[PDB]
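Protein chains in written order, with the entry's author numbering: chain A, 1 to 295; chain B, 1 to 295; chain C, 1 to 295; chain D, 1 to 295. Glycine included, each C-beta is placed from N, C-alpha and C at the ideal position. Reviewing the structure listed below.
There are 4 protein chains.
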Amino acid sequence: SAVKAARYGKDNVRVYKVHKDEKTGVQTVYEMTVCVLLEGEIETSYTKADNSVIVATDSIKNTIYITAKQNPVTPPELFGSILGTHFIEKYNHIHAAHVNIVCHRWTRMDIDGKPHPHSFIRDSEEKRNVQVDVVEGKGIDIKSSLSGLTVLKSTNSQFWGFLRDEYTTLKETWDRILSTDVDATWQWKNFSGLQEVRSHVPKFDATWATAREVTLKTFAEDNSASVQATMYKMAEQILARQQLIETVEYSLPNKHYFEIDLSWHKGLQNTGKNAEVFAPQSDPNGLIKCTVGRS
Amino acid sequence: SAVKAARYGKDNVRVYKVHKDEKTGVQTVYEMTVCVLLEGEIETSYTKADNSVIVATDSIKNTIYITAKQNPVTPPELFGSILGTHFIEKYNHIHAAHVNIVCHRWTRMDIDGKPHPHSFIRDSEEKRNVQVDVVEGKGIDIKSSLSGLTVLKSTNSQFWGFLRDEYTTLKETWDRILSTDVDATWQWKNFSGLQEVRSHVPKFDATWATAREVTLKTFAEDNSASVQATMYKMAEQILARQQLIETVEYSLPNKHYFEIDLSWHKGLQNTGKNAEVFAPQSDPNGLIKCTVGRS
Amino acid sequence: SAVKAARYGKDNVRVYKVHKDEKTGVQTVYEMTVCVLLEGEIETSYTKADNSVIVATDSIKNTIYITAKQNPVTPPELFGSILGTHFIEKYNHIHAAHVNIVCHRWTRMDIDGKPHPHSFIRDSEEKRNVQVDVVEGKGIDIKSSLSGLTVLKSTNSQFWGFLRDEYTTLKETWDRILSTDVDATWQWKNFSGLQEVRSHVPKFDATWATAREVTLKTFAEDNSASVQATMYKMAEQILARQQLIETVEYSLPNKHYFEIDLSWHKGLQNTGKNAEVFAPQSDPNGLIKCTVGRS
Amino acid sequence: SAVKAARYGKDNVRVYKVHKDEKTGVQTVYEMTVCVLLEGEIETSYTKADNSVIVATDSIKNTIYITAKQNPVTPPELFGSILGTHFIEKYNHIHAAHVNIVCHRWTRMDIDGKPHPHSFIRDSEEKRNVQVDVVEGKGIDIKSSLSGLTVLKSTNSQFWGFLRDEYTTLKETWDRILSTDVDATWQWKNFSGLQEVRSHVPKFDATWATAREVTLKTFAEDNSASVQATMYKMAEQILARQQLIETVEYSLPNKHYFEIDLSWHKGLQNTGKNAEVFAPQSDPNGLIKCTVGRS
Ligand SMILES: O=c1[nH]c(=O)c2nn[nH]c2[nH]1
Ligand SMILES: O=c1[nH]c(=O)c2nn[nH]c2[nH]1
Ligand SMILES: O=c1[nH]c(=O)c2nn[nH]c2[nH]1
Ligand SMILES: O=c1[nH]c(=O)c2nn[nH]c2[nH]1
Ligand code: NA
Ligand code: NA
Ligand code: NA
Ligand code: NA
């Protein structure tokens, strides 16, 4: 037998960092969960019990903390690039590093209309994420994403004109609830190394903000013909606004809210134009995906 | 043997309701999870297989939907009172109804600085809850709460002067991170019935808003001597602002963020005044509770 | 204002202990999650920022580890009694200790038909729990439980003869699926102190085993008239088998599996006697509770 | 812009099926969670609001139920192949179907030493899974797996001889706890179609059983030099026992149990050879992966 692929490292490394502005007293906090997996000339640890090639996972953990102490942790695209580059440069036999970062929200509190200098709220379980693959000789590949953005619109969603056959019971509709949890990923053009990543630093936060804004505005304003049609419009707009993105991927569940026929009870009307009370369905759910690129 | 206590009903009933203003086009959505448990002269269903005394749990579910169709679902204190009263009035042998409601956030989206008429975001997993106990002959007891409000302050928290003995390793500190998930409950004076609950309807939303505001402002502004001391200040202020509340209860975890000594690595300084990178701890956690009432 | 109640301590303390038999080489492992909350003359920590009365939660954590090192951790009723007694005896101003223990399963593996001396499997998320309340002057109150025991029977469950009115749509049935997650609690007679708890040590494991056996056998064998009727039979039998138990409480969800009418598709018959494929429902669920005591 | 990839369908479809042996009275239950995603000539649903190419996700759900009614649901490799083949044969414009099945445990209860004919227990959250990709013109690709198998050994695990540099604090050890959650996947050779899958039906359950047995026996018996070395031995043995498997992949977390130094308290010895009480760590965790194939 032979090792066809192998990677190993440390997952679920929770990290907090504070920045203190000595002039103003304002403090800013960052909290992340980090995973680093390494690849390289490590097969003999599997086949021959040769631990000499293993950078211990505990040491990977220490390295995450040290790197966060010595470098900016924002934007996460930069921090993940620094962290990944470290492993391939430090260890001759390590040839790829895969860094995943989940950023948690700590939003500054407003107290009496004023931003508070050192108090924060978790205002959403929405995350901002990065996946950074640093491969020796092949540069740095970055996928940025937002996830856990949960939205609902109560009208201006339709679904008609779909295929009807002997397996079909769904009725066409011109007015339904649309609710989803948005997972959106933008893949950057390959970067040659850390100097090129640093040269683009301003674009990372700006592109995250644009992706979020486009997602929310398009969801709210589109008189949606389907999840498919609405998500394509979102992706097109993101590509138009940032030329350094190569592809945009969306993964959207369709979280169903069913009408409840109450006509058996005193003729109560609660369907169609009279629908007011609905039953949210926990499962099953539709799942719609698309990857959009340039022509 | 004998039945000393019994209650039964339906849990995890998900309910959505939409209100449509025909004049303006503005729609407003409400989403809740409801549990109703009944008590009364039901022991023979347990002891003698006598199902004639059972209002089926499926029928309880139907009743929740019908009641939501025919009545306001907000404030939840009112809806829960209507729902509980229904069971004790409709069924002669049912003498108590226990209604728990969890309200989920659907906050109206702002698009280009304007509130959108029919699009919403789940802006927090914070919940607004009610527990309503309707007992025949004894009125209506309401406990209102907020839960899942997660906050952090990066300084202006201290903890010194605690008991030190042979079990103690904790160092005194004059500057630490304080983070918690707030669970706050206010218990209303007993109401005689639905007419009295209706007479106080404006106070329910106002008191929830006050409880939230006091919690956030006190957390942000107090130079905290302990979780205990800060939570007592919150409770006092809520009692001062609403005379119809009898008690306020807080349950606060102390979610620890530990310093990381990096001095073993090239003498890096990351403790005390030099602490920048911390390790959030998933467990264990402190748990601090208090119930405050009037003198 | 005044403090009406207060308790504080440490939650989610994970503990593992190994026992090694030097004669045989056999090792046995125990893993628990422990919470300890204290009460006593502690109000001034809340009202006056007086930390001198606070046994730090970190010290409570240390005490859990030390107590586990120096004492048996099984049965959990004994360990929780030792731990709770420690706090009220050590600290003059602490007058009650509330200890909750969740025991996790590590079942010895059988390899080639033989029990392995040091390898274990988590064979269920079923838990064995204890709640121990040690109150100065009032002895030791112990509630023992099992939870997370998930069962299903595919026939020999009925539900007919329930109340039918204008809120009822449920059809009577003489053959349905019954599935639940069992939470069963037995409350021991009050014990005067640790000497009396020790005197009854053999009864704790034996009574847990009996409660589990009775639950499973009664569920499997009863031609159930309702959840209510079946759970009462379980409780009666436990009380009959252990005279030192005062009450038994069951809390059972009714986890619904719905028939799927497929007759719209080529006349396929999948209801009633022809039902083979069902839709498990995640929510809502029935919730049935009873507490049974002696006459 | 252009659609580079697209797939859509229904997730989290819960399905139960019962088989009743009329001769013996014995009933057997199966419960699964199914996801089906389709690909094909569907881009215009995204780009042009053309729903005529959409087989509605609701219809996919109906098809899962109908297919389960008309066909065996075990082994899951067969059921997933039937389900996937259905979509590519029924719909000319659908060219791939991706079927994921999670099988939940319902193990027959033993009551008084005898297997009960119709009562079952969820004896583990361990799952048996399949991923079946049916691609028009390219056959059927099946990946079978087990997941959620949680094990611990209290000794006979070592970890020494790893790389030591300025980032390393971990001490070498010759005796530690090893605990993990096993995720093991075996990838079958490509099958030409449903006839070939049916021809191999007996091998599916047998290979699952072998994979489980090899995993448990190797974990229990290996005096482990590292997670890496132990998992490679498991994979080699599975490949040796089933020639129709092309690769085996393991993904193993290293769930750390830390020693607790108690020497600060009365010189208590709880490290090294005296270690009895340990602190299980919820995070971070090591994560070790390998894919093994033939030479
Ligand atoms: O937007 C939708 N897309 C779909 O593919 C679908 N199928 N059922 N409902 C649906 N709604
Ligand atoms: O605010 C705090 N209260 C406590 O009771 C405590 N114990 N350890 N740390 C603590 N912090
Ligand atoms: O066993 C049952 N008990 C109940 O109270 C009930 N209500 N609906 N179905 C039920 N099944
Ligand atoms: O088995 C192990 N493998 C590793 O790669 C490792 N790193 N720290 N500890 C470890 N244990
Ligand atoms: Na390298
Ligand atoms: Na009544
Ligand atoms: Na005392
Ligand atoms: Na086809």
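Exercise. Is DSSP giving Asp283/A helix, strand or coil here?
Worked result: To locate residue 283/A, count along the first sequence from 1; it is residue 283. In the three-state scheme derived from DSSP, where H, G and I count as helix and E and B as strand, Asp283/A is classed as coil.
Exercise. Residues in its own chain within less than 6 Å of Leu287/C by CB, not counting five upstream and five downstream?
Worked result: Position 287 of the third sequence, counting from 1, holds the residue named residue 287/C. Close CB contacts of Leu287/C within its chain, under the 6 Å cut and outside five residues either way in sequence, are with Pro253 (chain order).
Exercise. Between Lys17/C and the rest of its own chain, which residues show a CB-CB distance below 6 Å, the 5 nearest in sequence each way excluded?
Worked result: On the third sequence, position 17 is the one that residue 17/C refers to. Excluding positions up to five away in sequence, the list reads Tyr30, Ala68 and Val73.
For this session: For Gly80/C, count neighbouring Cβ atoms within 10 angstroms of its own Cβ and tell me buried if that reaches 16, exposed if not.
Result: In the third sequence, residue 80/C corresponds to position 80, counting from 1. With 16 or more other Cβ atoms inside 10 Å of its own Cβ, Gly80/C counts as buried.
For this session: Step through the CB atoms of chain D and report whether any lies within less than 9 Å of the CB of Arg108/A.
Result: For the purposes of this step, residue 108/A is taken as residue 108 along the first sequence, with counting starting at 1. Not one chain D Cβ lies under 9 Å of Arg108/A.
For this session: Buried or exposed for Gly137/D, please, with buried defined as at least 16 other CB atoms from any protein chain shown within 10 angstroms of its CB.
Result: Indexing the fourth sequence from 1 puts residue 137/D at position 137. Around the Cβ of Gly137/D, a 10 Å sphere holds fewer than 16 other Cβ atoms; the residue is exposed.
Exercise. Over what stretch of residues does the beta strand (DSSP E) that includes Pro117/B continue unbroken?
Worked result: Taking the first residue of the second sequence as 1, we reach residue 117/B at position 117. Taken as a continuous stretch (DSSP letters only), the beta strand (DSSP E) holding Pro117/B covers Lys114 to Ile121.
Exercise. The beta strand (DSSP E) with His104/D in it runs from where to where?
Worked result: Here the question's residue 104/D lines up with position 104 in the fourth sequence. First-last of the beta strand (DSSP E) with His104/D: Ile94 to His104.
Problem set entry | N- and C-terminal bounds of the beta strand (DSSP E) containing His19/C | Walking along the third sequence from the start, residue 19/C turns up at place 19. Per DSSP, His19/C belongs to the beta strand (DSSP E) from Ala2 to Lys20.
Exercise. Roughly how many angstroms separate the alpha carbons of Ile142/B and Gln281/A, rounded to a whole number?
Worked result: The residue given as residue 142/B occupies position 142 in the second sequence. The residue given as residue 281/A occupies position 281 in the first sequence. Roughly 29 Å separates the two Cα atoms.
For this session: Using a Cβ cut-off of 8 Å, pull out every chain C residue sitting near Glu236/B, in sequence order please.
Result: Residue mapping note: residue 236/B aligns to position 236 of the second sequence, counting from 1. Simply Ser1.
For this session: Assign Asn285/B to one of two classes, buried (16 or more other C-beta atoms within 10 Å of its C-beta) or exposed (fewer than that).
Result: Within the second sequence, numbered from 1, the residue matching residue 285/B stands at position 285. Burial call: buried.
Problem set entry | C-beta contact flag for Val135/A and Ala96/A at 9 Å | Position 135 of the first sequence holds residue 135/A. Position 96 of the first sequence holds residue 96/A. In this structure, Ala96/A lies closer than 9 Å to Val135/A by Cβ.
For this session: May I have the straight-line CA-CA distance separating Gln243/B from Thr63/C, to the nearest angstrom?
Result: The residue given as residue 243/B occupies position 243 in the second sequence. The residue given as residue 63/C occupies position 63 in the third sequence. For the pair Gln243/B and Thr63/C, the Cα-to-Cα distance works out to about 42 Å.
Problem set entry | Buried versus exposed, by CB contacts within 10 Å (16 or more), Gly40/A | Position 40 of the first sequence, counted from the start, is the residue given in the question as residue 40/A. By the Cβ neighbour-count rule, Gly40/A is buried, with 16 or more other Cβ atoms within 10 Å of its own.
For this session: Answer yes or no: the CB of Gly286/C versus the heavy atoms of ligand 3, is any distance below 8 Å?
Result: Here residue 286/C is taken as the residue at index 286 of the third sequence, counted from 1. Correct: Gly286/C has its Cβ closer than 8 Å to ligand 3.
Exercise. Since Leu287/D meets chain A, which of its residues come closer than 9 Å, beta carbon to beta carbon?
Worked result: Start at 1 with the first residue of the fourth sequence, and residue 287/D comes out as number 287. Near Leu287/D (Cβ distances below 9 Å), the residues of chain A are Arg7, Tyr8, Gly9, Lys10, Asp11, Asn12, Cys35, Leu37 and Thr57.
Problem set entry | Stretch-stretch touch, CB-based, cutoff 8 Å, three pairs: the region 222-229 of chain C with the region 263-276 of chain C | No, the region 222-229 of chain C does not touch the region 263-276 of chain C.
Exercise. Going along the chain, which residues of the region 115-146 of chain B sit with their C-beta nearer than 8 Å to a C-beta in chain A?
Worked result: Of all residues in the region 115-146 of chain B, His116, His118, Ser119, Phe120, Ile121, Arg122, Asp123, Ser124 and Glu125 have a Cβ within less than 8 Å of some Cβ in chain A.
Exercise. Would you say the beta carbon of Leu252/B comes nearer than 8 Å to a heavy atom of ligand 3?
Worked result: As a position in the second sequence, residue 252/B is number 252, starting the count at 1. Within the chosen limit of 8 Å, ligand 3 does not reach the beta carbon of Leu252/B with any heavy atom.
Exercise. In whole angstroms, what is the alpha-carbon distance linking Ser154/C and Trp106/C?
Worked result: The residue labelled residue 154/C in the question sits at position 154 within the third sequence. The residue labelled residue 106/C in the question sits at position 106 within the third sequence. The alpha-carbon of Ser154/C is positioned some 29 Å away from that of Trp106/C.
Exercise. For the beta strand (DSSP E) that contains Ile88/D, what are its first and last residues?
Worked result: Here the question's residue 88/D lines up with position 88 in the fourth sequence. From DSSP, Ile88/D is part of no beta strand (DSSP E) but of the alpha helix (DSSP H) over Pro76 to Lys90.
For this session: Report buried or exposed for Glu89/B, applying the criterion of at least 16 other Cβ atoms within 10 angstroms of its Cβ.
Result: Along the second sequence, one-based indexing puts residue 89/B at 89. Its Cβ having fewer than 16 others within 10 Å, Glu89/B is exposed.
Exercise. On the premise that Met234/A lies in contact with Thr210/A, defined as a C-beta separation below 8 Å, what is that separation, rounded to the nearest angstrom?
Worked result: As a first step, residue 210/A must be located in the first sequence, where it is residue number 210. As a first step, residue 234/A must be located in the first sequence, where it is residue number 234. No, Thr210/A and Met234/A are not in contact; Cβ-Cβ is about 11 Å, not under 8 Å.
For this session: Determine which residues of the region 269-280 of chain C have a Cβ less than 7 Å from any Cβ of chain D, and write them out in chain order.
Result: Cβ contacts with chain D: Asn270, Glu276, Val277, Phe278, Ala279 and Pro280.
Exercise. Are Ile54/C and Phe162/B touching if we call contact CB-CB under 9 Å?
Worked result: In the third sequence, the residue the question calls residue 54/C occupies position 54. In the second sequence, the residue the question calls residue 162/B occupies position 162. Yes, they are a contact pair.
Problem set entry | Straight-line gap, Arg176/A to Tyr167/C (C-alpha atoms, nearest Å) | Taking the first sequence and counting its residues from 1, the one referred to as residue 176/A is at position 176. Taking the third sequence and counting its residues from 1, the one referred to as residue 167/C is at position 167. Between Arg176/A and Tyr167/C, the C-alpha separation is close to 27 Å.
Exercise. Bridge partners of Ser145/B, per DSSP?
Worked result: For this step, residue 145/B is matched to residue 145 along the second sequence. Among the bridge pairs identified by DSSP, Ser145/B is matched with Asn129/B and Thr185/B.
For this session: Identify each residue in the region 233-267 of chain A for which the Cβ-Cβ distance to at least one residue of chain B is less than 8 Å, and report them in chain order.
Result: From the region 233-267 of chain A, only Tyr257, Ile260, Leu262 and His265 have a Cβ closer than 8 Å to chain B.
Exercise. Looking only at its own chain, which residues have a Cβ that is under 7 Å from the Cβ of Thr230/D, when we skip the five neighbours before and after it?
Worked result: Your numbering for residue 230/D matches position 230 in the fourth sequence. Its chain contains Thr218, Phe219, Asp222 and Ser224 as the residues whose beta carbon lies nearer than 7 Å to that of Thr230/D, once the 5 sequence neighbours on both sides are disregarded; these appear in chain order.
Exercise. Are any of the Cβ atoms in chain D nearer than 9 Å to that of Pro284/A?
Worked result: Reading the first sequence from its first residue, position 284 is the one you call residue 284/A. Yes, contact with chain D.
Exercise. If you measure from the beta carbon of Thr169/A to each beta carbon in chain C, is any gap under 9 Å?
Worked result: Position 169 of the first sequence holds residue 169/A. Interface residue, yes.
Exercise. Going by DSSP, which residues form a beta bridge with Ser251/A?
Worked result: The residue labelled residue 251/A in the question sits at position 251 within the first sequence. Looking at the DSSP assignment, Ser251/A forms a beta bridge with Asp183/A and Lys289/A.
Problem set entry | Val214/A - partner residues in DSSP beta bridges | Locating residue 214/A in the first sequence gives position 214, counting from the first residue. Note: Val214/A sits in no beta bridge, so no partner.
Exercise. How do the region 46-61 of chain D and the region 109-124 of chain D stand: do at least 3 beta-carbon pairs fall below 8 Å, yes or no?
Worked result: No: fewer than three Cβ pairs fall under 8 Å.
Problem set entry | Selection of the region 16-27 of chain B by Cβ proximity to chain C, strictly under 9 Å | The residues in question: there are none.
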